[PDB]
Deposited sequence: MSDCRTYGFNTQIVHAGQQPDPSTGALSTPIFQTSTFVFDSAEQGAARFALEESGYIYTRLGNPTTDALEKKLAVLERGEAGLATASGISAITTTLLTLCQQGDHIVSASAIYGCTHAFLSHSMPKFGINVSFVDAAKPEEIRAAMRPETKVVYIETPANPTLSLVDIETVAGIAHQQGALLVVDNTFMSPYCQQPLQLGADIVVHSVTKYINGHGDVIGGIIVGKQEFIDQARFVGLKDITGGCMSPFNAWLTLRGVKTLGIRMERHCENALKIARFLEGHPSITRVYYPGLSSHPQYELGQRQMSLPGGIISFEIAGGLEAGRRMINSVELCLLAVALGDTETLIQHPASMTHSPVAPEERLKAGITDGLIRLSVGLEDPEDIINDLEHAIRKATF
């Protein structure tokens, strides 16, 4: 039939894939090749990566997909394909770190100017648009406090003023949020997170209209970034995404239990999780997201030293900066990642001294809660 007609779990398993016609092999073969041969002068890929691109296009409800070497390369291949010297971008402030350096330093050195705004306030996006604006760029939920962006409202604003909307959907995966259905033009992912889900692949994906994807492929990849994804990485990502539906269900079930535990804990001052009623944009989240996600941020009493003591006291949670793996991962941005940054700068970059970020995995939630309770008790 047509894979676009089946239920979402069926699509997760089947879309973009079929038994090998030649051999009947059910698994997508790994076409680990660089060389393709022609039969004739007149009549003179990659099939593995093509399957991944088609599957993700189906899952995001877009026309076409393009796999890349990294999440970074998905974003830069996209924006460098769309923009040239003299052009302008309006970008959310609450965005991924390496994206910020690309937008803050790299783009301006190529004559491409960027205005950063608080995208939780759609009026700030509107006010920053210029005749030269080609692209509005947002991420949602956004780090570090998991604030949201109203995709449908921002898309309407962008389009009225003649710009494209590009959305980073990494945190959600297509299982939980579909920006193209809400009016975005282009979706990008780091598949490194939930789409692969197994913490063993660095890669990205771009999904959008065929017309744009062809330009991203034949100009962006070929003539600017060279950021192709290897066939083995595509095969692993295909393998990982088979369990996307059941993984996201369990991630989100576990995260909600852990978030409620943290909200009831007197040593925890704040808990940021879209699944909690006290989230500032809770109702927007319920319309825009099918599940509240696997990521939690929370603030422990006692600031910087309590945060340090807490992550040094966990025994099951692993200390790492990654997200979306099968293992529960924990990090303390003020002592770890943003440690060279001046306090007052971190402080309304949104990173308080006591802020902890947690990527909830597939372990028994009882074991994770026990580990957290033990570490919090010690840290305070």
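Unmodelled regions (deposited sequence positions with no C-alpha coordinates, counted from 1) are 1, 46-61, 398.
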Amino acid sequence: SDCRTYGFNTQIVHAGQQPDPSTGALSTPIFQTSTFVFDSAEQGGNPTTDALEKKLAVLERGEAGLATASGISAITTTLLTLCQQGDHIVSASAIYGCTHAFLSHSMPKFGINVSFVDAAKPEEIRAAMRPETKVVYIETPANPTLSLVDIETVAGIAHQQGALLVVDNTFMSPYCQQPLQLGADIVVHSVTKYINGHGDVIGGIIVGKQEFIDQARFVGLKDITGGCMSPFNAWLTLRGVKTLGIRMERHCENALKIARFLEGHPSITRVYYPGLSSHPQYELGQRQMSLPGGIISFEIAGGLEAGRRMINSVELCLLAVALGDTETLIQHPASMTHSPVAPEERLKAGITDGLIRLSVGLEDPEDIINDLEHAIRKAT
From here on, numbers count along this sequence of modelled residues.
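When 216-224 is weighed against 242-250, 216-224 comes out higher, by mean CA B-factor as recorded in the entry. Stretches compared: 99-107, 230-238. Higher mean C-alpha B-factor in the entry: 99-107. As recorded in the PDB entry, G285 shows the highest C-alpha B-factor of the residues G204, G285, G197, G208. Across the residues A51, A322, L355, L66, the deposited record lists the maximum Cα B factor for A322. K257 sits in the middle third of its chain by CA B factor, as recorded in the PDB entry. Compared with the other modelled residues of the chain, the Cα B-factor recorded for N143 ranks in the highest third. When all modelled residues of the chain are sorted by CA temperature factor, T35 is found within the highest third. Sort the modelled residues of the chain by CA B factor and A57 lands in the lowest third. In this PDB entry, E299 carries a Cα temperature factor that places it within the lowest third of its chain's modelled residues.
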